[PDB]
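S.K.: just coords:
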Ligand code: HEM
Ligand code: HEM
Ligand code: HEM
Ligand code: HEM
């Protein structure tokens, strides 16, 4: 369960990410690809090199999914439902990989939002990303 | 999300555990204490030796919480709400420990229910226990 | 590894009773059914669409036999688990890119299969000795990451 | 450990810029706030009731300094991380009974602190070199379990 404080911090930090949301998503993915190379196997057809249009394209799509989760934070399961089906059924993404990407998303915000990344906001962001990850792994059949 | 098949398998297996539920709970705890000794530190005041009345007493209380979760499988968060507060706030139980106990609970059923522990029932039981564990770790503040 | 004489005794005696032609495939099949994402690594194995379809798959059974082969090799070498599994580490880590957490999962699944087949004989102390073994193997198999 | 010259270069240069009197306590404090169960191990530290109360706790700051001390000791010894941390392994594993997963958590928290303090300078390849380091340390610190 996400606390009213948590929703407030996540909203505030996403508001401060602003129009960089997409670029931030791209950077999180690259951080993940470099730091945890096992994750690369889900994207064999992507060019994963620095400045890849596909990575960038994916960074925006992933970031948009997160803002949609934020905007509907009280019913994430419904909002992320199609995405949950995709990640668990079709792609068969390992639940561990959600922890690795979540960490890298935290690192990315930390690296871009010096004022916003307080211990509290960090804690709230972490629970948000765990919540999103729980929904995205809810459909293992 | 637990599937209608999952609810059916879990119900069936708990029905077959029958009145051994308490004894099974005691055995799961001992299995956990022996296999993963780190978990013992939450029970410094228990006698953890074989045949401990306190372990047994706890085995029944834990087993009763699980049957209550089964009996209300469609609203576990509400049913396990007080328990969630206890485990996360008061005891500060490490989320990892829920995986260790869940595994040992699976081992215990496996060891007592040869006919019931089919690959499907094993899968459904595993998701049930992950679900219960998610609720019990929902209140980290 | 931290195996005592009594722990070594529990493991070996039980392991002598293990049907090494089936327990290996019983465990892999269960992994595929319980943790369905692992099926990603076995897309070439054929019908994996139902639990019955997975357990009755001869390629799964054949491949689990090989898996169990490696555990038995681990059991004769708890002094050097790192070196015994080094080749398998290279393969799973550098070639396959299997997240090592899955190594612990299959180990736990094996333990469940052992409990299931042996019942009251797989006692809590017997389980304890076996958790040290599968942990040991999962960690050696994951050396190429560490 | 698998550190390349370029990875060694990224780590050491950044580490030279680290305020070793504060970054250690910044990381421990964050661990206590983000993963509150870890507070179980620091019940003697006093006021841990709010984020501000945790970060401003002189015992947390003092203790994190010691923690960061150990990392810096790790950075001079990536050849023998196992032996450097052996005493700390005994303490955390046999005496404290801290689940090793928490070692990876604090490592990840450190990485977040580094990103936070260094910004654009903590590049994705710089993060990569540091994940190998904290992984290496978490695994050595957990040797007494393996
Ligand atoms: C917060 C966590 C995540 C979010 C919000 C997210 C969101 C998304 C979105 C919005 C898409 C696009 C769907 C479409 O274009 O139809 C997608 C696709 C995809 N995702 Fe993620 N995802 C997450 C975690 C992960 C992780 C951890 C992995 C693997 C390590 C992963 C692997 C993939 C792959 C392989 C695709 C398909 C890309 C392609 O084939 O073009 N996702 N995800
Ligand atoms: C399916 C998972 C679990 C269930 C259903 C469960 C259920 C319960 C129940 C019903 C109680 C009794 C509450 C009371 O008597 O007021 C309890 C207490 C307790 N639990 Fe669990 N629990 C679970 C997991 C865990 C784990 C994984 C740990 C630690 C490794 C743990 C540590 C404790 C402790 C230390 C107590 C208090 C015992 C005492 O001080 O007398 N629990 N739990
Ligand atoms: C304790 C854990 C494990 C052990 C002991 C083990 C053992 C083995 C063995 C003995 C082989 C045969 C290699 C050969 O033919 O030379 C193999 C191959 C293979 N393993 Fe495993 N394995 C483990 C975990 C896993 C897991 C968890 C996965 C995936 C989820 C996996 C995926 C594969 C695949 C895809 C192959 C075939 C690759 C090829 O033929 O090149 N392994 N493993
Ligand atoms: C990479 C991870 C870690 C490192 C490098 C580390 C390092 C250290 C160091 C250098 C000390 C001081 C020992 C001394 O005074 O001789 C210490 C003590 C301590 N650590 Fe950590 N630690 C780590 C993880 C953890 C975690 C995750 C926890 C708990 C959640 C923890 C709990 C404690 C406690 C309670 C003490 C004080 C115990 C005593 O004074 O006997 N440690 N650690």
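M.R.: Here it is on my side, so go on. Residues are numbered from 1 along each chain as shown, chains lettered A, B, ... in the order given. Ligands and ions are numbered 1, 2, ... in the order given.

S.K.: which residues of chain A lie near chain C?
M.R.: A:37-38, A:40-41, A:88, A:92-97, A:140-141 (CB under 8 Å from any CB of the partner chain). In short, each C-beta sits where N, CA and C put it, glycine included.

S.K.: need these in CSV (columns: distance to residue D:99 and neighbour count).
M.R.: Listed next are the residues of chain A next to chain C as CSV, based on distance: CB to CB, whole Å; neighbours: other CB atoms under 10 Å in any protein chain shown:
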residue, distance to residue D:99, neighbour count
A:37, 26, 15
A:38, 23, 19
A:40, 29, 14
A:41, 29, 15
A:88, 27, 19
A:92, 28, 17
A:93, 25, 20
A:94, 21, 22
A:95, 18, 18
A:96, 17, 17
A:97, 21, 23
A:140, 25, 20
A:141, 30, 11
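
S.K.: tell me which of those is nearest to residue B:22?
M.R.: Proximity of the residues of chain A next to chain C to residue B:22, judged by CB to CB, is greatest for residue A:140, which lies at 30.9 Å.

S.K.: touching, the closest one and residue A:88? I think so.
M.R.: Yes - if you go by CB atoms under 8 Å, residue A:140 and residue A:88 touch, sitting 5.0 Å apart.

S.K.: which residues are common contacts for those two?
M.R.: In terms of CB atoms under 8 Å, 6 or more residues apart in numbering or on different chains, residue A:140 and residue A:88 are both contacted by the residues C:36-37.

S.K.: and residue 2, what does it touch?
M.R.: Went with chain A since none was named. A:10, A:73, A:124, A:127-128, A:131.

S.K.: if you could check chain C rather than the one you did, that'd help
M.R.: Residues near residue C:2 by CB under 8 Å, 6+ apart: residue C:132.

S.K.: three-state assignment of it?
M.R.: coil (DSSP: H, G, I helix; E, B strand; the rest coil).

S.K.: what about the helices in chain C?
M.R.: For chain C, applying DSSP state H gives helices covering C:5-16, C:23-34, C:51-55, C:58-75, C:81-84, C:86-89, C:101-118, C:124-141.

S.K.: what's the spacing between the spatially most central residue of chain C and residue C:113?
M.R.: Chain C has residue C:107 as the residue nearest its centroid, 4.5 Å off, counting by CA atoms, centre = their mean. Distance of residue C:107 to residue C:113, computed by CB to CB, to the nearest Å: 11 Å.

S.K.: and residue C:13, how many neighbours?
M.R.: For residue C:13, the count of nearby residues is 11 (other CB atoms under 10 Å in any protein chain shown).

S.K.: where's it relative to residue C:114, distance?
M.R.: As judged by CB to CB, residue C:13 and residue C:114 stand 12 Å apart.

S.K.: now do the helices in chain A.
M.R.: A:4-17, A:21-35, A:53-70, A:76-79, A:81-85, A:95-112, A:119-136.

S.K.: buried ones in the fourth one?
M.R.: I take that to be helix A:76-79. A:76, A:79 (16 or more other CB atoms under 10 Å in any protein chain shown).

S.K.: for it, packing partners?
M.R.: helix A:53-70, helix A:119-136 (3 or more CB pairs under 8 Å, 6 or more residues apart in numbering or on different chains; DSSP states H and E).

S.K.: tell me the contacts of residue A:55?
M.R.: A:26, A:29-30, A:33, A:46-48.

S.K.: give me the buried subset of these.
M.R.: A:26, A:29-30, A:33, A:46, A:48.

S.K.: and which of those is nearest chain D?
M.R.: Chain D lies nearest to residue A:30 out of those, by CB to the nearest CB, at 4.9 Å.

S.K.: so who does that closest one touch?
M.R.: A:48, A:50, A:55, D:124.

S.K.: which one of the residues you listed is nearest chain C?
M.R.: When these are compared against chain C (criterion: CB to the nearest CB), the nearest one is residue A:48, at 13.2 Å.

S.K.: for chain A, see how far away residue C:16 is.
M.R.: 35 Å (CB to the nearest CB, to the nearest Å).

S.K.: now for that residue: which residues touch it?
M.R.: By CB under 8 Å, 6+ apart, residue C:16 lies in contact with nothing.

S.K.: so who does the closest residue in space to residue A:38 that isn't next to it in sequence touch?
M.R.: Among residues not flanking residue A:38 along the chain, residue C:97 sits closest, at 4.4 Å (CB to CB, 6 or more residues apart in numbering or on different chains). Residue C:97 is in contact with A:37-38, A:40-41, counting by CB under 8 Å, 6+ apart.

S.K.: CSV for those, including distance to ligand 4?
M.R.: Shown next, in CSV, are these (distance: CB to the nearest ligand atom, whole Å):
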residue, distance to ligand 4
A:37, 22
A:38, 22
A:40, 26
A:41, 28
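
S.K.: how about these in CSV, adding distance to residue D:24?
M.R.: Formatted as CSV, the contacts of residue C:97 follow (distance: CB to CB, whole Å):
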residue, distance to residue D:24
A:37, 29
A:38, 30
A:40, 33
A:41, 36
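
S.K.: inside strands: which ones of those?
M.R.: Judged by DSSP state E, the contacts of residue C:97 include no members of strands.

S.K.: of the residues you listed, which pair is most distant in space?
M.R.: Farthest pair in the contacts of residue C:97, by CB to CB: A:37 and A:41, 8.7 Å.

S.K.: would you mind listing what in chain A touches chain D?
M.R.: Counting by CB under 8 Å from any CB, the residues of chain A near chain D are A:27, A:30-31, A:34-36, A:103-104, A:106-108, A:110-112, A:114, A:117-120, A:122-123, A:126.

S.K.: give me the residue from chain C nearest ligand 1.
M.R.: Relative to ligand 1, the nearest point of chain C is residue C:99 (9.6 Å; CB to the nearest ligand atom).

S.K.: which phi and psi does that residue have?
M.R.: The phi/psi pair for residue C:99 (degrees, to the nearest 10) reads phi -60, psi 130.

S.K.: do you know how far it is from residue A:45?
M.R.: 20 Å.

S.K.: what about the two, which has more around it?
M.R.: Each of residue C:99 and residue A:45 has its neighbours counted (other CB under 10 Å); residue C:99 has more, 22 against 6.

S.K.: pretty sure the more buried one is touching residue A:95, no?
M.R.: No - with contacts defined as CB under 8 Å, residue C:99 does not count as touching residue A:95, sitting 9.3 Å away.

S.K.: circling back to that earlier point, excluding chain neighbours, what is closest to the residue nearest to the centre of chain C?
M.R.: Nearest non-adjacent residue to residue C:107, counting by CB to CB, 6+ apart: residue C:134, 2.9 Å away.
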